[PDB]
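In the form deposited in one PDB entry, a lone chain appears below as structure tokens.
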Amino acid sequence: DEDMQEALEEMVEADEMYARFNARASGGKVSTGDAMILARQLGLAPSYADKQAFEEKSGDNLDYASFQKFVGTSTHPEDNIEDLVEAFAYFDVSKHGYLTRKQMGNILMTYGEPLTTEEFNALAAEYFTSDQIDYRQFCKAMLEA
């Protein structure tokens, strides 16, 4: 409730947050889905678990203060390169450092919070150039702010 808030202040600048919120705010409130989009646009990476827990306890329409709380809960300060890379390296039987395009697609569209074929196809148009993919390189791209 405070490390989320400390992390918010060192991860987003409040001027930008307020500006975006009022960009899409209709009478000082935004939907939870638009809050997901705004949080992404502020540089955070909320999950759908985050979204559903937050609306489970706070409802579906957020005023600025509840939006601030939601963005706080999406800061995930514990994110780091080595953990994402170990996620992918789980499927890299030899840990040599490469996955194929078919592996990347199946992993991303089968486990966790699967991507839609559209999400994955956009991702792949950008990053899955080859058929052999250096997933540590890809994870660092994904983690750039």
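Throughout, we count residues from 1 along the sequence that is shown. Between two forms, the rigid core is defined as the largest C-alpha subset superposing within 1.5 Å.
There is also a form deposited in another entry; it is not shown, and the following applies to it.
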Inset, instruction - State which of the options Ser26, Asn80, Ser47, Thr110 undergoes a Cα shift of 2 Å or more between this form and the one not shown, taking the core as fixed. - result: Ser26
Inset, instruction - Compare the position of the CA of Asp134 between this form and the one not shown after a rigid core fit and state whether the shift reaches 2 Å. - result: no
Legend entry - C-alpha of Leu123 moved at least 2 Å between this form and the one not shown on rigid core: no
